[PDB]
$ cat final_11.cif   # mmCIF, N, CA and C atoms
data_final
loop_
_atom_site.label_atom_id
_atom_site.label_comp_id
_atom_site.auth_asym_id
_atom_site.auth_seq_id
_atom_site.Cartn_x
_atom_site.Cartn_y
_atom_site.Cartn_z
N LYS R 11 108.53 107.78 122.12
CA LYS R 11 109.95 107.30 122.08
C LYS R 11 110.52 107.47 120.68
N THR R 12 111.83 107.70 120.57
CA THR R 12 112.54 107.83 119.28
C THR R 12 112.70 106.47 118.61
N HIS R 13 112.66 105.39 119.40
CA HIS R 13 112.81 104.01 118.89
C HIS R 13 111.71 103.13 119.47
N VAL R 14 111.31 102.13 118.69
CA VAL R 14 110.18 101.23 119.04
C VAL R 14 110.61 99.81 118.70
N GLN R 15 110.50 98.92 119.69
CA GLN R 15 110.81 97.48 119.53
C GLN R 15 109.66 96.87 118.73
N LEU R 16 110.00 96.27 117.59
CA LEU R 16 109.02 95.57 116.74
C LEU R 16 109.56 94.19 116.42
N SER R 17 108.63 93.25 116.23
CA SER R 17 108.91 91.90 115.71
C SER R 17 108.17 91.77 114.38
N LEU R 18 108.90 91.80 113.27
CA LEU R 18 108.28 91.86 111.92
C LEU R 18 108.12 90.45 111.38
N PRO R 19 106.91 90.07 110.93
CA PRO R 19 106.72 88.75 110.33
C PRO R 19 107.42 88.70 108.97
N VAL R 20 108.20 87.65 108.74
CA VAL R 20 108.96 87.48 107.48
C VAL R 20 108.05 86.67 106.55
N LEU R 21 107.75 87.22 105.38
CA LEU R 21 106.78 86.62 104.43
C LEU R 21 107.55 86.11 103.22
N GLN R 22 107.10 84.99 102.65
CA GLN R 22 107.61 84.51 101.34
C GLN R 22 107.04 85.44 100.26
N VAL R 23 107.87 85.90 99.33
CA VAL R 23 107.45 86.87 98.29
C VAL R 23 106.23 86.33 97.52
N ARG R 24 106.17 85.03 97.21
CA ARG R 24 105.00 84.49 96.43
C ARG R 24 103.69 84.52 97.22
N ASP R 25 103.73 84.63 98.55
CA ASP R 25 102.52 84.70 99.41
C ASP R 25 101.98 86.12 99.49
N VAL R 26 102.80 87.12 99.19
CA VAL R 26 102.39 88.51 99.53
C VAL R 26 101.22 88.94 98.65
N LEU R 27 100.14 89.41 99.26
CA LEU R 27 98.94 89.83 98.53
C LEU R 27 99.01 91.30 98.11
N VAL R 28 99.64 92.15 98.90
CA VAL R 28 99.70 93.60 98.58
C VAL R 28 101.18 93.96 98.48
N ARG R 29 101.65 94.20 97.27
CA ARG R 29 103.10 94.06 96.96
C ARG R 29 103.82 95.42 97.04
N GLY R 30 103.17 96.42 97.61
CA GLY R 30 103.85 97.67 97.99
C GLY R 30 102.93 98.56 98.74
N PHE R 31 103.40 99.77 99.07
CA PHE R 31 102.70 100.68 99.98
C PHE R 31 102.08 101.87 99.22
N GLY R 32 102.32 101.99 97.94
CA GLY R 32 101.75 103.14 97.20
C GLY R 32 102.65 103.57 96.07
N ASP R 33 102.45 104.81 95.63
CA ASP R 33 102.78 105.19 94.23
C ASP R 33 103.83 106.29 94.19
N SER R 34 104.30 106.79 95.33
CA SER R 34 105.36 107.83 95.39
C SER R 34 106.29 107.48 96.53
N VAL R 35 107.52 107.98 96.49
CA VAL R 35 108.51 107.77 97.57
C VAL R 35 107.91 108.28 98.89
N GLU R 36 107.29 109.47 98.88
CA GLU R 36 106.74 110.06 100.12
C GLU R 36 105.59 109.16 100.62
N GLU R 37 104.75 108.67 99.71
CA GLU R 37 103.58 107.87 100.14
C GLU R 37 104.07 106.55 100.75
N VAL R 38 105.02 105.89 100.12
CA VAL R 38 105.38 104.53 100.60
C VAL R 38 106.08 104.66 101.95
N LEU R 39 106.93 105.68 102.14
CA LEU R 39 107.58 105.88 103.45
C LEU R 39 106.52 106.18 104.52
N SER R 40 105.54 107.02 104.20
CA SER R 40 104.40 107.37 105.10
C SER R 40 103.64 106.10 105.50
N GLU R 41 103.24 105.33 104.49
CA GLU R 41 102.41 104.11 104.68
C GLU R 41 103.22 103.08 105.46
N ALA R 42 104.49 102.87 105.12
CA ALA R 42 105.36 101.88 105.80
C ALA R 42 105.38 102.24 107.29
N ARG R 43 105.61 103.53 107.60
CA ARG R 43 105.68 104.02 109.00
C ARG R 43 104.36 103.77 109.73
N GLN R 44 103.22 104.08 109.11
CA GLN R 44 101.88 103.82 109.70
C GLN R 44 101.71 102.31 109.98
N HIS R 45 102.01 101.44 109.01
CA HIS R 45 101.82 99.96 109.16
C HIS R 45 102.77 99.42 110.24
N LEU R 46 103.97 99.96 110.32
CA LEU R 46 104.94 99.55 111.37
C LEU R 46 104.36 99.92 112.73
N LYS R 47 103.75 101.09 112.85
CA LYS R 47 103.14 101.57 114.12
C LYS R 47 101.95 100.66 114.47
N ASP R 48 101.15 100.25 113.47
CA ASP R 48 99.84 99.55 113.63
C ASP R 48 100.05 98.03 113.72
N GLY R 49 101.28 97.56 113.55
CA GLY R 49 101.62 96.12 113.60
C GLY R 49 101.09 95.39 112.38
N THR R 50 100.96 96.08 111.25
CA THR R 50 100.38 95.52 110.01
C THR R 50 101.43 95.54 108.89
N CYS R 51 102.71 95.39 109.24
CA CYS R 51 103.86 95.45 108.32
C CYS R 51 104.62 94.12 108.31
N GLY R 52 104.85 93.57 107.12
CA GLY R 52 105.67 92.38 106.89
C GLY R 52 107.01 92.73 106.28
N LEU R 53 107.91 91.77 106.32
CA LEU R 53 109.27 91.90 105.80
C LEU R 53 109.50 90.78 104.81
N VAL R 54 110.00 91.10 103.62
CA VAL R 54 110.44 90.08 102.65
C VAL R 54 111.96 90.15 102.54
N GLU R 55 112.62 89.02 102.73
CA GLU R 55 114.10 88.98 102.64
C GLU R 55 114.48 89.04 101.16
N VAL R 56 115.43 89.92 100.86
CA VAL R 56 115.78 90.26 99.45
C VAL R 56 116.77 89.20 98.98
N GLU R 57 116.45 88.54 97.88
CA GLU R 57 117.38 87.64 97.15
C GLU R 57 117.10 87.83 95.66
N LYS R 58 117.95 87.22 94.84
CA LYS R 58 117.80 87.21 93.37
C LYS R 58 116.34 86.90 93.06
N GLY R 59 115.70 87.78 92.30
CA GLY R 59 114.36 87.57 91.74
C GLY R 59 113.24 88.04 92.65
N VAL R 60 113.55 88.54 93.86
CA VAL R 60 112.46 89.01 94.78
C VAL R 60 111.96 90.39 94.34
N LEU R 61 112.84 91.38 94.16
CA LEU R 61 112.39 92.77 93.94
C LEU R 61 111.55 92.90 92.68
N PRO R 62 111.87 92.22 91.55
CA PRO R 62 111.02 92.37 90.37
C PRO R 62 109.60 91.82 90.60
N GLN R 63 109.37 91.06 91.68
CA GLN R 63 108.03 90.51 92.00
C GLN R 63 107.26 91.48 92.90
N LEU R 64 107.89 92.56 93.38
CA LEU R 64 107.23 93.57 94.23
C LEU R 64 107.09 94.87 93.45
N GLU R 65 106.30 95.78 94.00
CA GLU R 65 105.90 97.04 93.32
C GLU R 65 106.83 98.16 93.79
N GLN R 66 107.39 98.92 92.86
CA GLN R 66 108.10 100.18 93.24
C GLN R 66 107.08 101.29 93.48
N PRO R 67 107.41 102.34 94.26
CA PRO R 67 108.67 102.43 95.01
C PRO R 67 108.75 101.37 96.13
N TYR R 68 109.95 100.89 96.40
CA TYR R 68 110.27 99.94 97.49
C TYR R 68 110.59 100.71 98.77
N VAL R 69 110.28 100.09 99.90
CA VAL R 69 110.76 100.55 101.23
C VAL R 69 111.65 99.47 101.81
N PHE R 70 112.89 99.82 102.11
CA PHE R 70 113.84 98.88 102.74
C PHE R 70 113.94 99.22 104.22
N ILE R 71 114.18 98.20 105.05
CA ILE R 71 114.79 98.43 106.38
C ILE R 71 116.27 98.08 106.27
N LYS R 72 117.08 99.00 106.80
CA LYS R 72 118.54 98.97 106.69
C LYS R 72 119.14 99.14 108.09
N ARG R 73 120.16 98.37 108.39
CA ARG R 73 120.83 98.37 109.72
C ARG R 73 121.45 99.75 109.95
N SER R 74 121.14 100.41 111.07
CA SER R 74 121.58 101.80 111.33
C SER R 74 122.72 101.81 112.36
N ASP R 75 123.05 100.66 112.96
CA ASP R 75 124.04 100.55 114.07
C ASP R 75 124.54 99.10 114.20
N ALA R 76 125.76 98.90 114.73
CA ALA R 76 126.46 97.59 114.87
C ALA R 76 126.66 97.23 116.35
N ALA R 79 122.60 96.01 119.33
CA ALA R 79 121.29 95.36 119.04
C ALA R 79 120.55 95.12 120.35
N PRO R 80 119.98 96.18 120.96
CA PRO R 80 119.37 96.07 122.29
C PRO R 80 118.27 94.99 122.36
N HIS R 81 118.38 94.10 123.35
CA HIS R 81 117.38 93.04 123.67
C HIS R 81 117.14 92.12 122.46
N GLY R 82 118.11 92.00 121.54
CA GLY R 82 118.04 91.20 120.30
C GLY R 82 117.52 91.99 119.10
N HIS R 83 117.10 93.25 119.30
CA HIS R 83 116.48 94.13 118.28
C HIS R 83 117.56 94.93 117.54
N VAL R 84 117.72 94.66 116.25
CA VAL R 84 118.71 95.37 115.39
C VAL R 84 118.15 96.76 115.12
N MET R 85 118.95 97.80 115.31
CA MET R 85 118.46 99.17 115.04
C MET R 85 118.43 99.36 113.53
N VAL R 86 117.30 99.83 113.03
CA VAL R 86 117.08 99.96 111.57
C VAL R 86 116.49 101.33 111.29
N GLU R 87 116.65 101.77 110.04
CA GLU R 87 115.86 102.91 109.54
C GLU R 87 115.32 102.58 108.15
N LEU R 88 114.37 103.40 107.72
CA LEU R 88 113.70 103.26 106.39
C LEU R 88 114.46 104.00 105.30
N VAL R 89 114.66 103.32 104.17
CA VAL R 89 115.18 103.92 102.91
C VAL R 89 114.24 103.51 101.77
N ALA R 90 113.75 104.46 100.99
CA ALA R 90 112.88 104.16 99.82
C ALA R 90 113.71 104.14 98.54
N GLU R 91 113.18 103.48 97.51
CA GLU R 91 113.90 103.36 96.22
C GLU R 91 112.90 103.41 95.07
N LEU R 92 113.21 104.22 94.06
CA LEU R 92 112.36 104.37 92.85
C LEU R 92 113.30 104.58 91.67
N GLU R 93 113.20 103.71 90.66
CA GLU R 93 113.98 103.75 89.40
C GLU R 93 115.47 103.93 89.74
N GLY R 94 115.96 103.17 90.73
CA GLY R 94 117.39 103.04 91.07
C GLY R 94 117.94 104.20 91.87
N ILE R 95 117.08 105.11 92.31
CA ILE R 95 117.47 106.20 93.24
C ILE R 95 116.87 105.93 94.62
N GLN R 96 117.71 106.04 95.65
CA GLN R 96 117.36 105.79 97.07
C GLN R 96 117.23 107.12 97.80
N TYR R 97 116.31 107.15 98.74
CA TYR R 97 115.91 108.36 99.50
C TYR R 97 116.17 107.98 100.94
N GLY R 98 117.30 108.48 101.43
CA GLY R 98 117.93 107.96 102.64
C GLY R 98 119.25 107.30 102.36
N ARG R 99 120.01 107.20 103.42
CA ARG R 99 121.37 106.64 103.43
C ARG R 99 121.43 105.81 104.71
N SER R 100 121.76 104.54 104.63
CA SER R 100 121.87 103.67 105.83
C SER R 100 122.74 102.45 105.52
N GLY R 101 122.72 101.46 106.40
CA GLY R 101 123.58 100.26 106.31
C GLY R 101 122.93 99.17 105.47
N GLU R 102 123.28 97.93 105.77
CA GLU R 102 122.89 96.72 105.02
C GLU R 102 121.37 96.53 105.09
N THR R 103 120.77 96.11 103.98
CA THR R 103 119.32 95.76 103.88
C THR R 103 119.01 94.50 104.69
N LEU R 104 118.02 94.57 105.58
CA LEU R 104 117.47 93.38 106.29
C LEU R 104 116.30 92.81 105.48
N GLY R 105 115.66 93.65 104.67
CA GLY R 105 114.57 93.21 103.78
C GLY R 105 113.75 94.36 103.24
N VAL R 106 112.74 94.03 102.45
CA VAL R 106 111.82 95.03 101.88
C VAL R 106 110.50 94.91 102.63
N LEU R 107 109.90 96.03 103.01
CA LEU R 107 108.66 96.06 103.79
C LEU R 107 107.49 95.96 102.83
N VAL R 108 106.41 95.30 103.29
CA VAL R 108 105.14 95.21 102.54
C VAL R 108 104.03 95.21 103.58
N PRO R 109 102.82 95.58 103.18
CA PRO R 109 101.64 95.37 104.01
C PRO R 109 101.55 93.89 104.41
N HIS R 110 101.11 93.65 105.65
CA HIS R 110 100.74 92.31 106.15
C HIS R 110 99.22 92.27 106.29
N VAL R 111 98.61 91.38 105.53
CA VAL R 111 97.13 91.23 105.52
C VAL R 111 96.76 89.80 105.90
N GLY R 112 97.59 89.11 106.70
CA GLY R 112 97.24 87.77 107.25
C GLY R 112 98.02 86.63 106.62
N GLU R 113 99.00 86.92 105.77
CA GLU R 113 99.91 85.87 105.26
C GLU R 113 100.60 85.17 106.44
N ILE R 114 100.79 83.86 106.33
CA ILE R 114 101.52 83.10 107.40
C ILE R 114 103.01 83.34 107.25
N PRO R 115 103.71 83.86 108.30
CA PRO R 115 105.14 84.08 108.22
C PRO R 115 105.96 82.78 108.33
N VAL R 116 107.21 82.87 107.90
CA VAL R 116 108.20 81.78 108.05
C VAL R 116 109.11 82.03 109.24
N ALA R 117 109.15 83.26 109.76
CA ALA R 117 110.05 83.68 110.85
C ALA R 117 109.67 85.09 111.27
N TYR R 118 110.34 85.57 112.29
CA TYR R 118 110.21 86.96 112.80
C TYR R 118 111.58 87.59 112.82
N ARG R 119 111.64 88.87 112.49
CA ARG R 119 112.86 89.71 112.55
C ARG R 119 112.63 90.78 113.61
N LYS R 120 113.35 90.70 114.73
CA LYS R 120 113.31 91.71 115.82
C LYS R 120 114.13 92.92 115.40
N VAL R 121 113.49 94.08 115.38
CA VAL R 121 114.13 95.35 114.96
C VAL R 121 113.79 96.41 116.01
N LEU R 122 114.67 97.39 116.13
CA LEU R 122 114.41 98.62 116.91
C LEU R 122 114.31 99.74 115.88
N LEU R 123 113.10 100.24 115.62
CA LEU R 123 112.88 101.18 114.50
C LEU R 123 113.09 102.60 114.99
N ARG R 124 114.02 103.32 114.37
CA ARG R 124 114.13 104.79 114.54
C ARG R 124 112.85 105.43 113.97
N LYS R 125 112.00 105.97 114.86
CA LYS R 125 110.66 106.53 114.55
C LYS R 125 110.71 108.05 114.75
#
$ encode --input "final_11.cif" --output "structure tokens"
Amino acid sequence: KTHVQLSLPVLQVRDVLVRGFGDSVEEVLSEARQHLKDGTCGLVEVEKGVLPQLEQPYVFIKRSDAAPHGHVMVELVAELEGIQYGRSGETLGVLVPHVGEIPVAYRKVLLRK
């Protein structure tokens, strides 16, 4: 399928144990996509002081449309030293590996895969 219904666990930035997906824009987008497929991907909601606590390059999920079965359609945009790779809508959060942190909520998304 071109789209996949996911429920992403929302993690507090101070709980996150693995604070990014790797060391290049291509690697983090690759890794984010694999973890999203494997159900091992968390979401951190972006606010003042969150991004400096995570590792660049960043992977964002961004709203791609204005929401089937409650799932907001999203796509991936990466960011390194203030340059973004991809063009999309509003940020829903920054993706990180999920290694068993307890979530505060779930974000239902329909991921363009």
$ select_by_dssp --input "final_11.cif" --residues "stretch 18-57 of chain R" --states "strand (DSSP E)" --output "number ranges by chain"
R: 18-20, 51-54
$ resolve_selection --input "final_11.cif" --expression "the PyMOL selection byres ((chain R and resi 98-102) around 6.5)" --output "PyMOL selection string"
chain R and resi 71-74+88-90+96-97+103-105
$ closest_residue --input "final_11.cif" --among "R:12, R:22, R:17, R:40" --to "residue R:106" --atoms "only C-alpha atoms"
R:22
$ resolve_selection --input "final_11.cif" --expression "the PyMOL selection byres (((chain R and resi 122 and name CA) around 7) and name CA)" --output "ChimeraX atom specification"
/R:13-16,83-86,121,123-124
$ closest_residue --input "final_11.cif" --among "R:27, R:11, R:51, R:44" --to "residue R:108" --atoms "only N, CA and C atoms"
R:51
$ closest_residue --input "final_11.cif" --among "R:76, R:107, R:95, R:69" --to "residue R:37" --atoms "only C-alpha atoms"
R:69
$ residues_near_point --input "final_11.cif" --point "(114.7, 100.2, 91.3)" --cutoff "8 Å" --atoms "all atoms listed in the file" --output "ChimeraX atom specification"
/R:66-68,91-96
$ atom_distance --input "final_11.cif" --atom1 "atom CA of residue R:56" --atom2 "atom CA of residue R:109"
15.7 Å
$ residues_around --input "final_11.cif" --residues "residue R:21" --least-positions-apart "4" --cutoff "6 Å" --atoms "only N, CA and C atoms" --output "PyMOL selection string"
chain R and resi 52-55+114-116
$ atom_distance --input "final_11.cif" --atom1 "atom N of residue R:82" --atom2 "atom N of residue R:110"
23.3 Å
$ resolve_selection --input "final_11.cif" --expression "the PyMOL selection byres ((chain R and resi 29) around 6)" --output "MDAnalysis selection string"
chainID R and resid 26:28 30:31 64:65 108
$ atom_distance --input "final_11.cif" --atom1 "atom CA of residue R:63" --atom2 "atom CA of residue R:113"
16.2 Å
